[PDB]
Structures are given as structure tokens and as C-alpha cells.
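Structure first, then comments.
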Amino acid sequence: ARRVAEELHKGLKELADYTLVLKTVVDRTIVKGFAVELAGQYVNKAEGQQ
Amino acid sequence: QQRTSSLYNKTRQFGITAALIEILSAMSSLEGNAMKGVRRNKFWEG
Amino acid sequence: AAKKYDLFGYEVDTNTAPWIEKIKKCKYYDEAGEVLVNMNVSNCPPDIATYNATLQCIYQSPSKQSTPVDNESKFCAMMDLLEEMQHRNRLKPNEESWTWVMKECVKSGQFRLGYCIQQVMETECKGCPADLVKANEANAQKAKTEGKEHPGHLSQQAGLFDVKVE
Amino acid sequence: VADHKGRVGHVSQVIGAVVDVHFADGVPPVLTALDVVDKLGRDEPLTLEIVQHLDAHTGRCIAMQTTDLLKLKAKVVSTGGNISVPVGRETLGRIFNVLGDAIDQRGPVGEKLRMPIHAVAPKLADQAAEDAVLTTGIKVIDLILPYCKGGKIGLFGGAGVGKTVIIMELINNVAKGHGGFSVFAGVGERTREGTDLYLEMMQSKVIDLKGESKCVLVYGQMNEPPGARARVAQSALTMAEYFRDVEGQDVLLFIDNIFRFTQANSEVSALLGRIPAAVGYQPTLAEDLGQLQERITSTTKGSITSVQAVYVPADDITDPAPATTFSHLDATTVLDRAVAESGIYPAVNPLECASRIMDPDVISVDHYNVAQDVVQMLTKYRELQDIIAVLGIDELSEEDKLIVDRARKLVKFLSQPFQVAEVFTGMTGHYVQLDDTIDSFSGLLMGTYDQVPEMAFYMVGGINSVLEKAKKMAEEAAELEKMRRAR
Amino acid sequence: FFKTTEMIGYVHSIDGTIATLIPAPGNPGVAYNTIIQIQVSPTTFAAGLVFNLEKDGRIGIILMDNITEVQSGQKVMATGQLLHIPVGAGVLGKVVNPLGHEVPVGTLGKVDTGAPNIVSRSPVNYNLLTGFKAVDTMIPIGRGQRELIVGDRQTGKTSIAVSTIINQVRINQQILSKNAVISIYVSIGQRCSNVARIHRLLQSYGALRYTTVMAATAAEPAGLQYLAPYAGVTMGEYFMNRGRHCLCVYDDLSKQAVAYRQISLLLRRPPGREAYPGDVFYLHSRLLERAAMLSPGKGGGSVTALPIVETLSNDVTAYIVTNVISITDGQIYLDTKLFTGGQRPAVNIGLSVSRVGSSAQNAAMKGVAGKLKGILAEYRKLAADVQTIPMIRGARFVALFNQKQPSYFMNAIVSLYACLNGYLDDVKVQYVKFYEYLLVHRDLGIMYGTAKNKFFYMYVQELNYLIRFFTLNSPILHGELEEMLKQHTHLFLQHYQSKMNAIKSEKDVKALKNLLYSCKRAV
Ligand SMILES: Nc1ncnc2c1ncn2[C@@H]1O[C@H](COP(=O)(O)OP(=O)(O)OP(=O)(O)O)[C@@H](O)[C@H]1O
Ligand SMILES: Nc1ncnc2c1ncn2[C@@H]1O[C@H](COP(=O)(O)OP(=O)(O)O)[C@@H](O)[C@H]1O
Ligand SMILES: [Mg+2]
Ligand SMILES: [Mg+2]
């Protein structure tokens, strides 16, 4: 998750000078994996009930 | 003639009622969308 | 030579030579309609030559499409094309178009449409070619001798209660 | 806060075609035009018009294009004034829209001046008295409800009764030979009708692309959002007002349909926080229409002969929108569906029409007397129809049978084939002179043509056409009799 | 190198088929009238349409699919684009949703495009044969025209439209594909069983090869029913912008208005007349303005609209009915009294009108229709008030207008011409259908060996285009047409009507009655 967040931060030009902070939110909709949301850019790498 | 007059009276009453109900429904819809904002008053001064 | 204008007065492309070459390189005559559609979309209305090329492609093509189409008829397609040209484009068909239609009628064995087109050419055009008329007459005579002048069921005697109204 | 040109604002709310804009320096004046400068990936520019002030900073506006792809906080820049439309002789022969942009794809238009579409109507002192009959070439209009030059005309009617055909006939008869200019305003109507009118005008040389044209077209149609249909009429009227004042010319103004302006205002009214009125129109129905109507008038500088087509929803002539337009007209032509269903065209109901110049002082004494006699006879025939339905024609007196026959001939003689409805009718149209109509109707009233067959008066022109048709009817009847005789 | 979406907020409230979102602080924000995806699961999404952008920042959404999966508090992603659906020749013969998803059976086009400009159109001059003699003659329809089909429930509104779609199958198979008419049948709020039956009916006649069905059944949310007409016309505009002609059928706009009213009321829109939203006219107005006849400079393609509208007790004074009537270029009014009286299709010629006129008629049909209109007008005038020629022929014309299936142009025009020139004066009104059936499906001249015509026979189906080109009143065809009609009338009268008038036995009477009834439903 930290690597994905850093990669997203690098892509965003506006947040070049901003510091990176990671906040963890528990989502009951996903059983496996994780998702990252930064400045509206959402990356989904999770799975739910089959 | 009697039957048509009865129908005429009934129809006019229903039309008036329906038009009034429609207008009041529109007014209620307009009122509902209105939201009361934060009051900018000296609440402590009381 | 002279610029042509559309309904609203806008100029229309008149160089329709490449499109005729495209038409003369089709395998199935339904593809010829696609060329006409492309011409219309490109603001290049077909001229009399383009319609004659399309009729030639219809006559010389094997079938409408790669796969057979039920109830397909070359004569119907060419007649529809002529109707479009004369009515919705204001272009009088010349002798070449009617000769193509007559050739199709002779080739397909339809000797009655042959008679109708023969009369049409005699009326509008300066007569029908002798070869086509003779070929049409030969087809009609062959049909008559073989007994296939009319469908068999039409000659069957019927009655008031002997007709099956589906 | 005098010059608000370039003032920046931000979109604060978007609900349908109504958008709210917030200005930090103060909302510009009402009716001001705003441009959405933000790049929203739209295929068309977006322009808003301020209609209300919610507070010292917010202002509710109506969009002229579709509000698709519009985000909140989108930057908006004021244009420094109301919506401006080009004016002058350089606009002749062109097609414009609500915003005054040429849409005929015929190159840039050379505009020397522009005027705002919102203007103050003329005052009482700016009223000119012009009482002169306008010959439209139509027997019914010329006789029962004659039109006046520089006056306001209304064609009230339902759907499919023939409002558009009458407008086309009036154009063909009055605009081709008009000394001055013309302005046609298409408001909330079919686009194909606009194309047909444009083609017809080009064929009739009213719009001479290579030469000099004498008409302007301003189109806001059904496909357009309600914002454009509520201001296309203002744009066309602004052009007409310029031609009236600056050019000092006599201009014709054709509006079709004036009801769509009211309809567009009613559609947008709901989102503006206004309680609907009766039937469901906006509470400002009367004033909104009155402000526009008072601008359509002839002043001491020039004259505008306005012809407006009024749509009557579901043939309900008592509907508030049609009912509010009667008082704003000098000559009302009321069309009836029952007349049309009987094969009578134009489907004019002479017992419901009215004209201001229907006075002996304005028109000739003979014209007034003939018109009054025709109206009285038609009313008497309508009264006698009930007795005929109950008793029967045989039961009426001879004094009443003559009235019935004359009234039937009058009813059929009011019909006329128009030169623009040849496809609908399949026969060449007629142009009847004013004197010919008066003489023919005067002769018919006194029984000079009692022996002429009734059908000889159906779909013909003057009296000569009636006699020719009667002769043709006699010849064919004689041929039929000869055919029967041989059998 | 990530598939980064654009999260714009969360789902706040759900009220049936609509929802309200709350934007997360400091987010890009969604654009008006765009599509959004509600993340019902890490791999599944539910479509939605932006409808309102309030001052508070909340967003009004119109759920489109997977409504049962939507819950408050779920993430929402903004695509930032309007609605686009698949379009092309690869969709023909399939059942699809307004979103383009195919419905199993037992290029991208923007849905919010603008109508063609004023200078982008041309006059309507190409006819669209519905296959019914009444409509084709008294109510001409031209390609690029909006023709309303208004009537009461159970009066043939759907049957006539489906017949019009089917009538194009035979034509499309003969002429080039350039002039073929593609069909887009849009079902709105109808039963799912009806959609299946219509699909089977189209398949039976082979109309699926030139037709695609867009279905929004009653069990689907109002959003799909609200978008069905726009998606359908968008699919039909693909052919218009490429020099081809299409026919769009909306069955029916009455239910789309109900769906739109539901959506508007649920999203806190002020109600208008009959609770409908204020901008209910503009909906259909912009829907039907997209059907036009493009000018030759843009290709010459067209879209023909056949919106269907239902009335209550033949009341055309309703709100939406009036709006639609004031938009279309005509109307086919199907009367309930005529339908129950045996007249089918129950076209009320008095209340029906086509504003295009004879411009949308073929040269062959123009003269026949022009004379027929006058004859029928005279017959109606005289009937309302003496067996004159107009009255003798008007009754037979009315008898010829009864049909069950669309009729080929050659058969219909020939029958109308025969009835117009007095060839049916000696034929009883009851036997007109039997006479027409014998004329079309039989040849009395060949049967009795008295046919001397060279080419003009009713079994030569290729004569349809020759007739359309030259017309019946031309020296090429007129002589043989008259000879055939004379021979057929003589043989029919002699060999059939004499025997039919001589039947007295109950068995024979019943047999003749059954035969006549079958003929009514056979031609
Ligand atoms: N021309 C016709 N001849 C005979 N029967 C017909 C004809 N047209 C329709 N019908 C029949 O009439 C009935 C109603 O037809 P249809 O389904 O088209 O009506 P509708 O207007 O769609 O009504 P609704 O959709 O409200 O049920 C059906 O049984 C149909 O088969
Ligand atoms: N003068 C006329 N002669 C014959 N038919 C007419 C005439 N005027 C109108 N119509 C009929 O009305 C149709 C045109 O209606 P239109 O003028 O557009 O009415 P509106 O705009 O009031 O709905 C024609 O197609 C025809 O059926
Ligand atoms: Mg009109
Ligand atoms: Mg139905």
C-alpha cells in the first residue's frame, strides 16, 4: 500500500511539494487485498466474496 | 338535461379540487427543498 | 468544368472519376451501393456515368453478397436504382442503362420483363437492339414449347368452394 | 460597481437548465450575459443569462445551451451587458439564432452595430395612428376581419388547423412585393418547416444570395433548450425595432409560434422557485407576454405589421395563454377544427373573428355593410341548423329555405385554394382582389346567384371562377346524362 | 501505469431507484449529466446518471443497474464522460438495454447528441411504405418524418408498427442495401413476455436481420425506461450519418413520461401539470427533433420516427398526448369504436393527418391517392346526410382498407386502381375482399384460357418496380393493365358472383360466410 501510494504521489504534479501521509480505513466490502485513494486517484487491488 | 347538469356540477367540483391540490403540492415541494441555514446570532447573549 | 451547387447553394464535388474506378473493381454488386453511399457522404453526388457503372457491376456480378440472400433479384435492384436516379436526382436514364436492364432480363430468362423493357426502349430510347429482342423471343419460345409459360397452379381449374384461402 | 465587464464568478448550483452563479464582487445586473470560460470538454460554448438576484453575491441564471458537462465552481466571466444581436441591412438574407450567430454556413457577416435584445417598450407619446386596409388576397380575411397596415394580427388555432399554411400564404402574398423588409421568427417549432421556408424564400428571390435579400430569419426551435426559446423572439423583435427606428422602413414581422415563448417561461419558472398559477403557467404570464407585445408596435418613426401564430392547447380557447393574447392584437383570426374537418380551408370561424378597422370610418361603407350582412346571415343559419336537425329542411318556411341556401353558398364560398397548399389540394391557388370579393359577396347576399349550383362556390376564387366551375359542372352533368341516355 | 479511477464521494441516501451522494472534502467533483459508477464491490459497479448538483454539494443520481446491490456509504467513481452506447451493423438482430448490454434470448454513439441544423436537412421526398392501403394512401409517410400513432389500449398501435417493420423485409431483400430500411424497435415499460413475442414474430418473418430491439421492461428501473428512446435513436442515428435510412419505433412515450415524472418527483423536482415535471414537453421535443432527413451534402440518410401514445376513452386532450401531437408531422388516430365495429386497422381517416402530404408518395401512388381522397371526402359528406358513383366506390374503398398483414405495393396499388376506375361497381360490397384475393393470388384469365397479355400479370412480382417507375397511367403499362382488369372482372362476375348469389342452403351459406371472413384476413 505504501509503495502504491508513493507511486501515485509521484504521478501527481500538484502534490510535488506535499508530504505523504498514509491513513488506514477498514472496509468490510473487501475480503482480500487493498485499495489506495489519493487526491481522487483510486487504485483497486482487492477482492470480495465469490 | 338533469343527468348532464349533475355531471357538469360534479366535473367542475372535481376540477377545482384537482387544480387546487396540484398547486398546493407544487407549493409544498418548493417549501420542502428550502433548508434553514445556520443562525448568525449572539446565542450566548440570552 | 462548371461548378455544381446543392439544394442550399453549396458547391458539390464533381470529380467522380475515382469512385467509378472503385465501382468497376467490386466483386459483389451490393458493394457498389457502399461506394454510392460513400460518394453521397463525401458531398460528391453521382452522375449518369456512375449509375451506368453501378448497373454494369450489377449485371456482371455473381450475386448480391458473399453469402446468398433470399429473394434477391438483379432486375429489382437495377430498377430501384433507375427510379432513384430519375426521381430523387433528376437524371434521365440513357440508352446504356436500359440496355443493361434488357441484358439482365435476357440473361435471367425473364422473357416478360424483357417485353416490357423492349417496349420502354422503343418508346423512350431509339429502339431496342435486335440481338436482345431475338434472344428474348428465343427464351419465350423455349418456355412456351417446354410448357413453362405460366405457373402450373394458375392453370388449375378452381371453383367457389375449391379455392384454399390461407 | 458601474462597469462589470470581465467580472469573475463561479457556478454554485446546477439543476436542469437553471444555474446559480456566485460573484465575490457582486452579482452583475439582471439580464446580463455570462460566458462559461472554463474548459469542460464541451462541443458547444455555454452562455448564461441572469434572471434573478438571490442576494448581493449570488444570481440565478438560465442557460442558452445544454448544461451537460457543467461542474460546480466552474469559472464564469461577465460579458459587460445583455445579450447583443447584430442589426442593419447586412443581416438581410441570413439565418441567425438566439445569440445572433449566423448558422447558415454562408461565411462571416459584416456587422457595424449590435443592440441588446432587452429594450424598453415605446411610451404612449410614441404611438402612431395608421388605419389602412391590408389586402392579403384571401376572401375571408379581406371581408370579415380585414387586416390593418402597421397593426398586430393573431392566428389562433389548435394543432393541424392550418396556422402555418396561412402564414406561408401571407408571406407569398405580402412579402414578395413588400416595399420594406421582413423578419421571420421561428419560436419552438419544427426545424423542417424552417428549412422549407428558407428554400421557398430562396426560390421566390426574397433571399437573393448573389443579389440583395429583403428578409431576416431567426430560428430557435423545439430541439433548443427553454432558454433559447424564451429569447429568440426578443432577438427577432430587436432586429425589427432597429429596422423600424434607424432605417425608418415599414417592416413585416412574422412570429411562429408565440405560444412557445410562454411555454418556455413556464418550463423554467418551476426551477426559479415560483409557485405555479392556475392551469400551471408561471405567475408572471400576463406581464411577461405584455412586455414583449408592447414592443411589437408601430411608432411615429416607422411601422411594423406583425403576424403572430397562436397555439391553443387542446383547442381550449379559454386557456390562459391564448386568452391573454387577444387583448394585444388588432385583428384576430380564430381557426376551428370542425370547419377544417368539413373540407373548408382556411378553417376560419367568422363568428369568432374580430377586426379593429371593421368600422365605416376606416373601410368603405359597402365593405362594412357586406361584412355585417354576411355575419348576420351566418349567425341566422347557425340558429336554423338546430331546427333543421330536429324538424327537417322540408319543415322550414320558404323565407328560411332561401336563407339556408344562401348561407350554405356563403360557407362554401369562403373557402379558397392557396398558392402554397397546391400539394395538399392539388389545384392552383387564387388571389382574389378586395373589390372582387366585396362585389361577389354583395351579389350572393341579394340572390343574384340563386340559380348557380351550390358546389360551384367550393374552392374557387372570385365570381368569374364560380361561373367557370358552374359551366364545367353543367358540361360534365350533360355528358353523364348523354351516357345514361344511350343506356 | 495504474487504472486510477476518479472517486468523487460516497452514497448518502437511497430512495427506490434514485440515490443522493455526498462529495468527500477536496475531491475533483463530478460533471452534470455524466455517468458514475457505484462500487458495490471491489470488482463490481452499478451505473448511475448525474441529475442534480445542489448548493450543499450533494449529487442526485439516477441508478441504472444493480440497484439491489447499492448501499449507503459505498464509494462512487466518476467517469467524467456522457453516456455512450455501442452502435453499428453488428447490433442488428439482437436485444439490448439502453446501456447497450445485450439481453440473452431463449463504434460508440453519444446518447445526448443534438438534432441536425436547419441547413443540414432536405425536404421529405422518399416514401416509407407501411404496407396498409389506408395509411399509404390517405396518410403518406416519408423517410425522415415523425408520425404519431395515437389511440386507446387494444386498438392495434403495436400491431401496425410491427407490420411496418416487417413490411420492409421483402423490399430489403431485392433492392440494394443502400436503400434498405433498418429498424430499431424500442419497448418502454412493456411486459417481458410481450418483448419475447415480438422478437419471435420478427424472427419468423426474417426481420431480425434488419432490426434490433431495445427493451426496458416493467421490472427495470425508471432510469432505463427514461433513457430507452434516446439510446434507440442514437443507435438509429449511426445509419443516418452514413447515407442510410432508419425507422425508429417508440412503444411507448406515454410510459417514458411516467418514468421521467417518477425520477423527477423522487429527486425533489417541483411537480407541474398532473404531477409531471415542468420540462416534460422538452423531453419528447428533443427526442423527436433528432429524426430528420439529412441534406445531400451530409449523405442523405434519415431516421423515421413512429412514436406511440395511449389515450383514455378517446381523450386526446391529455397533457403528454397534446405535447406529442404538437411535435410530430402527423398522426394515425386509431379509434376504439371503429376497431370494435370490424374496421381493422381502425384508422380514423377523419382524425388522421400527414403534414408532409403527397411529397412522401411515389409517382405511381400520387394520382391514385389524389383521386381517392376526393372520392372518400365526397362519400363521407354524402353519407352523413341515391347510389351515385362516389357513393358506390367509397364503400368499396372502405371495404378494401381492411387488412391483417402488410400488403405488397403492386397488389395494393393494382387493387386501388381497379376500385378507382369502376371495375368493382358490379361487385357486391361483401365480395370485394374475395375479388381482391382472386386478383392477387389467382389469375382468372389463365384459368379460363382468355389471357392475351404479354407481360402484365399479377404473378410477376418484378412488375412492382416497373409500376413504381412509370406509373399505372402510362402507355407502357396502361393498356395491359386495363385488359387484365376487364378480363378479371368479367370472369369473376360470370363464374363466381352468379353462384354466390344462388346459394340458399344453410351449409352453403355458412361455407360462403367462412370463405368471406377468411378472405378478409388473407388479403
Ligand atoms: N389489422 C388487424 N387485424 C386484426 N387484428 C388486429 C389487427 N391489428 C391488431 N389486431 C389485434 O388486436 C389486438 C390488439 O392489437 P395490439 O397489440 O397491436 O394493440 P395495442 O394498441 O398495442 O394495445 P396494448 O399495447 O395496449 O395492448 C391483438 O389481438 C392483435 O392481434
Ligand atoms: N389551405 C389548406 N388546404 C388544405 N389543407 C390544409 C390547408 N391548411 C392546412 N391544411 C392541412 O393542415 C396541414 C398543415 O397544418 P399546419 O398549417 O402546420 O397547422 P398548425 O401549424 O396549426 O398545426 C396540411 O398537411 C393539411 O392536411
Ligand atoms: Mg405550425
Ligand atoms: Mg401496444
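Please read every residue number as a count from 1 along the shown chain.
Placement of Cβ uses the backbone N, Cα and C atoms for every residue, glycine included.
Over in Swiss-Prot, the protein carries these features:
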- E:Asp152, E:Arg153, E:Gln154, E:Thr155, E:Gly156, E:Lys157, E:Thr158, E:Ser159, E:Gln403: ATP binding site (BINDING)
- E:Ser352: site 'Required for activity' (SITE)
Listed recorded positions with Cβ under 6 Å from ligand 4, out of E:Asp152, E:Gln154, E:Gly156, E:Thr158, E:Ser352, E:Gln403: E:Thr158
Rounded Cα-Cα span from E:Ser352 (site 'Required for activity') to E:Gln154 (ATP binding site), Å: 18
Which of E:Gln154, E:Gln403, the listed binding-site residues, has fewest other Cβ atoms within 10 Å: E:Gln154
Rounded inter-Cα distance in Å - E:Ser352 (site 'Required for activity'), E:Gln403 (ATP binding site): 18
Longest CA-CA distance among E:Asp152, E:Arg153, E:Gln154, E:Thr155, E:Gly156, E:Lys157, E:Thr158, E:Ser159, E:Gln403, per record bound to ATP, angstrom: 19
Nonlocal residues around E:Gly156 (ATP binding site), in sequence order (Cβ under 8 Å, 6 or more apart): E:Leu334, E:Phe339, E:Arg344, E:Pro345, E:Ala346
Local Cβ density at E:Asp152 (ATP binding site) - other Cβ atoms counted within 10 Å: 19
Close in space, distant in sequence - E:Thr158 (ATP binding site), Cβ under 8 Å, 6 or more apart: E:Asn194, E:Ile198, E:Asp251, E:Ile308
Neighbour count (Cβ, 10 Å) for E:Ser352 (site 'Required for activity'): 21
Residues among the recorded positions E:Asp152, E:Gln154, E:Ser352 that border ligand 1 - Cβ under 6 angstroms, in sequence order: E:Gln154
Those recorded positions in E:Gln154, E:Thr158, E:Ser352, E:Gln403 whose CB falls under 6 A of ligand 2, listed in sequence order: none
